[PDB]
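To start, the structure under review is shown below, and the notes come after it.
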Ligand SMILES: C[S@@+](CC[C@H](N)C(=O)[O-])C[C@H]1O[C@@H](n2cnc3c(N)ncnc32)[C@H](O)[C@@H]1O
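Printed below as a string of structure tokens:
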């Protein structure tokens, strides 16, 4: 699992808690700002699936009474929990080759410490969530669907996990790779009967009519830092879904 490596840990801690790159706003925060601009229901409980090191969960906790963050990576979850409990952590990022630099993530500097106690992070599989998880006013899944081995199994849980009137938000650049998703399990990104099936088409097929797409979808860009000089700069599609 690459998400258990130090290489990815430093990249994702900078992604979630570091300074911006190329003047692009922080992505977990930008995503939750859009979710909160559209949630018209109660604010008791939110779920952050594939939460990584937790920035979107802490942002949700500014408004929700309880926020549950779930990720398969124990190293990611241990970092999110240390941030919730200590308010700070330190990590390394790559400068060039073996040359590295130590950095700090700080909830208080981000105005996130006061509500960190509303979060709870746990290791879990988003394709097979525990049956004790209950249901939620809001569910966020950022950059997750194209990293799952069984997207259909993931999506099949969501109607039961969102209260009617609640909000589901999915973001993805749709970077489909057999290393992450077996081709036979793709829900889009191919032609069928000689016509294109986009990932968004697959999302609609699996979620409608239990969910209603709040049209139109929105592009949200993001920048991941790999070295001092190398970055990924990608445009995710955000789709917002109201539970019927
Ligand atoms: C591309 S990252 C997105 C992280 C974060 N939501 C963001 O937008 O920065 C994908 C995340 O999904 C997690 N993940 C992958 N497969 C998972 C699974 N089956 N169940 C739960 N989390 C999973 C990875 O550990 C990683 O944190």
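In the deposited numbering, the protein residues as written are 4 to 247.
C-beta: ideal position from N, C-alpha, C; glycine also.
For this session: Select from 233, 215, 13 the residue whose C-alpha is nearest the C-alpha of residue 104.
Result: Taking the chain shown and counting its residues from 1, one reaches residue 104 at position 101. That would be 13, whose Cα lies nearest to the Cα of residue 104.
Exercise. With 16 other CB atoms within 10 Å as the buried threshold, where does residue 41 fall?
Worked result: Numbered from 1 along the chain shown, position 38 holds the residue referred to as residue 41. So residue 41 counts as exposed.
Problem set entry | Under 8 Å between C-beta atoms of residue 121 and residue 64 | Here residue 121 refers to the residue found at position 118 of the chain shown. Here residue 64 refers to the residue found at position 61 of the chain shown. Yes, the pair counts as a contact, with Cβ atoms nearer than the cut-off.
Exercise. What residues match up with residue 244 in a beta bridge as DSSP calls it?
Worked result: The count along the chain shown starts at 1 and reaches residue 244 at position 241. Bridge partners of residue 244 according to DSSP: 171, 216.
For this session: On the DSSP bridge assignment, give the partners of residue 103 in chain order.
Result: Reading the chain shown from its first residue, position 100 is the one you call residue 103. Answer is 97, bridged to residue 103.
For this session: Spell out a yes or no on whether the region 70–78 and the region 115–134 are touching, meaning 3 or more CB-CB pairs, one atom from each, closer than 8 Å.
Result: At 8 Å Cβ cutoff, the stretches touch.
Exercise. CB-CB under 6 Å to residue 1, same chain, minus the five flanking residues each way: which ones, in chain order?
Worked result: Limits of the chain in this structure are 4 at one end and 247 at the other, which puts residue 1 out of reach.
Exercise. Which residues in the same chain have their Cβ closer than 7 Å to the Cβ of residue 178, if we skip the five residues on either side of it in sequence?
Worked result: As a working mapping, residue 178 is identified with position 175 in the chain shown. Answer for residue 178: 149, listed in chain order.
Exercise. Of the residues 45, 29, 15, 37, which one's Cα is nearest the Cα of residue 167?
Worked result: On the chain shown, residue 167 is found 164 positions in, with the first residue counted as 1. If we check each option's Cα against that of residue 167, 45 comes out closest.
Exercise. Mind pulling the beta strand (DSSP E) runs of 3 or more residues that sit fully within the region 155–211?
Worked result: Along the length of the region 155–211, whole beta strand (DSSP E) runs at least 3 residues long occupy 165–175, 193–195, 198–200, reported in chain order.
Exercise. In terms of residues, what are the limits of the alpha helix (DSSP H) holding residue 228?
Worked result: Along the chain shown, one-based indexing puts residue 228 at 225. Here residue 228 belongs to no alpha helix (DSSP H); instead the beta strand (DSSP E) covers 221–228.
For this session: Report the three-state DSSP secondary structure of residue 7 (helix, strand or coil).
Result: Mapped onto the chain shown, residue 7 falls at position 4. Assignment of residue 7 by DSSP, reduced to helix, strand and coil, places it in the helix class.
For this session: Would you kindly work out how many angstroms separate the C-alpha atoms of residue 111 and residue 186, rounded to a whole number?
Result: Counting from one through the chain shown, the residue named residue 111 turns up at place 108. Counting from one through the chain shown, the residue named residue 186 turns up at place 183. So the two alpha carbons sit approximately 43 Å from each other.
For this session: Just mark residue 57 as buried or exposed, buried being the case when its beta carbon has 16 or more other beta carbons within 10 Å.
Result: Here residue 57 refers to the residue found at position 54 when the chain shown is read from its first residue. Buried, because 16 or more other Cβ atoms sit within 10 Å of the Cβ of residue 57.
For this session: Give the secondary structure of residue 48 by DSSP, where H, G and I count as helix, E and B as strand, and everything else as coil.
Result: For the purposes of this step, residue 48 is taken as the residue at position 45 of the chain shown. Strand.
Exercise. Going by the beta-carbon positions, is the gap between residue 83 and residue 94 smaller than 8 Å?
Worked result: Along the chain shown, one-based indexing puts residue 83 at 80. Along the chain shown, one-based indexing puts residue 94 at 91. Taking the C-beta atoms as reference points, residue 94 is found no nearer than 8 Å to residue 83.
Exercise. What number of angstroms, rounded off, separates the C-alpha of residue 204 from the C-alpha of residue 89?
Worked result: Counted from its first residue, the chain shown places residue 204 at position 201. Counted from its first residue, the chain shown places residue 89 at position 86. So the two alpha carbons sit approximately 43 Å from each other.
Exercise. Which two residues bound the contiguous alpha helix (DSSP H) that contains residue 38?
Worked result: In the chain shown, counting from the first residue as 1, residue 38 sits at position 35. Counting along the chain, the alpha helix (DSSP H) containing residue 38 begins and ends at 30–41.
Problem set entry | For residue 108: DSSP bridge partner residues | On the chain shown, position 105 is the one that residue 108 refers to. In the DSSP secondary-structure assignment, residue 108 is bridged to 92.
Exercise. Is any heavy atom in ligand 1 found nearer than 7 Å to the beta carbon of residue 150?
Worked result: If you number the chain shown from 1, residue 150 lands on position 147. Indeed, a heavy atom of ligand 1 lies less than 7 Å from the Cβ.
Exercise. According to the neighbour-count rule (16 or more other Cβ atoms, all chains shown, within 10 Å of its Cβ), is residue 146 buried or exposed?
Worked result: Stepping through the chain shown from its first residue, residue 146 is reached at position 143. Classification for residue 146: buried.
Exercise. Taking Cβ to Cβ, would you say residue 115 is nearer than 8 Å to residue 67?
Worked result: Stepping through the chain shown from its first residue, residue 115 is reached at position 112. Stepping through the chain shown from its first residue, residue 67 is reached at position 64. Using a Cβ distance threshold of 8 Å, residue 115 and residue 67 do not count as a contacting pair.
For this session: Determine the DSSP secondary structure at residue 13, reduced to helix, strand or coil.
Result: Along the chain shown, read from residue 1 onward, the residue named residue 13 stands at position 10. Residue state, collapsed to three classes: helix.
Exercise. Under the criterion of a Cβ to heavy atom distance below 7 Å, does residue 128 qualify as lining ligand 1?
Worked result: Here residue 128 refers to the residue found at position 125 when the chain shown is read from its first residue. It does: the Cβ of residue 128 is within 7 Å (strictly closer) of some heavy atom of ligand 1.
Exercise. Straight-line CA distance for residue 48 to residue 169?
Worked result: Here residue 48 refers to the residue found at position 45 when the chain shown is read from its first residue. Here residue 169 refers to the residue found at position 166 when the chain shown is read from its first residue. Approximately 10 Å between the Cα atoms of the pair.
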